[PDB]
K.L.:
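Have a look at the structure that comes next, please.
So you know, we letter chains A, B, ... as the sequences are listed, proteins then strands, and number each from 1. What you see below is based on every heavy atom in this structure, not just the backbone, and it leaves out hydrogens, waters and symmetry mates.
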Amino acid sequence: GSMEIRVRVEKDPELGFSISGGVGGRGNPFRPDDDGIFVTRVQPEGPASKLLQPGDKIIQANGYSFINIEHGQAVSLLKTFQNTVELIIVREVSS
Amino acid sequence: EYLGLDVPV
C-alpha cells in the first residue's frame with residue numbers, strides 16, 4: 001500500500017540524500033514508467049537518516065509541487081532551499 | 001532506461 005508522510009530535513013549544508021527522475025529525466029529504479037522524483041539513496045549518518053528511505057517519491061518540498069516536475073528544476077529547487085526543507089513523500093508499504 | 005545515475009542533494 002502507500003503512505004503519505006511529512007518529513008523535515010535540516011540542511012547541513014546538504015540534505016544527505018540522492019534523487020532520480022523527473023519529467024525529461026532518465027527514470028528511476030522503483031516505478032520505471034513514472035516521471036516522478038524518487039529518493040534513491042539516504043546517507044546513513046546524514047540529515048535524512050531514519051526519516052527517508054530509497055523509494056520515497058517526493059511530491060512536495062517547502063510547499064512547491066514535485067508532481068510532474070522537470071528533472072533539472074527539481075534538482076535546482078532542492079539545492080536552492082536553505083535550512084530546513086519540509087517534504088511530502090509517498091512511501092510504499094509492505095502488505 | 002535508468003542506469004543508476006542519481007543526484008546528491
Side-chain angles (χ1 to χ4, degrees), chain A residues 7 9-22 24-44 46-49 52-58 61-62 64 66 69-85 87 89, chain B:
Chain A
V7 185
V9 182
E10 321 211 311
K11 290 187 102 177
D12 74 334
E14 297 175 331
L15 296 159
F17 64 88
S18 302
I19 62 166
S20 67
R26 296 278 317 286
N28 74 88
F30 307 105
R31 295 210 173 297
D33 297 340
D34 185 326
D35 68 15
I37 297 292
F38 296 82
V39 179
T40 52
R41 187 134 198 107
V42 179
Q43 295 173 355
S49 56
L52 297 175
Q53 55 184 245
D56 289 346
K57 184 181 179 173
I58 301 172
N62 278 1
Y64 290 95
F66 276 50
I69 190 164
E70 194 263 330
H71 64 102
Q73 288 166 25
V75 174
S76 291
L77 250 186
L78 291 173
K79 290 189 167 191
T80 301
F81 298 138
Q82 290 172 269
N83 311 128
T84 37
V85 179
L87 299 168
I89 67 90
Chain B
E1 55 171 353
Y2 184 64
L3 296 179
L5 188 70
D6 55 0
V7 179
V9 295

K.L.:
Quick check: does any side chain N or O of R26(A) sit under 3.5 Å from a backbone N or O of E1(B), one acting as donor and the other as acceptor?
P.N.:
yes
K.L.:
Under a 4.5 Å heavy-atom cut-off, does chain B meet the side chain of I19(A), its backbone, both or neither?
P.N.:
both
K.L.:
Where on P29(A) is there a heavy atom nearer than 4.5 Å to chain B: the side chain, the backbone, both, or neither?
P.N.:
both
K.L.:
Please examine the side chains of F17(A) and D6(B), heavy atoms only from C-beta on, and report whether any two atoms are closer than 4.5 Å.
P.N.:
no
K.L.:
Compare every heavy atom of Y2(B) with every heavy atom of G27(A), then report the nearest pair and how far apart it is.
P.N.:
O-CD1, 3.5 Å
K.L.:
Any heavy-atom pair between the side chains of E14(A) and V9(B) that's under 4.5 Å?
P.N.:
no
K.L.:
Looking at every non-hydrogen atom in both residues, tell me the closest pair between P8(B) and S18(A) and how far apart they are.
P.N.:
CA-OG, 3.4 Å
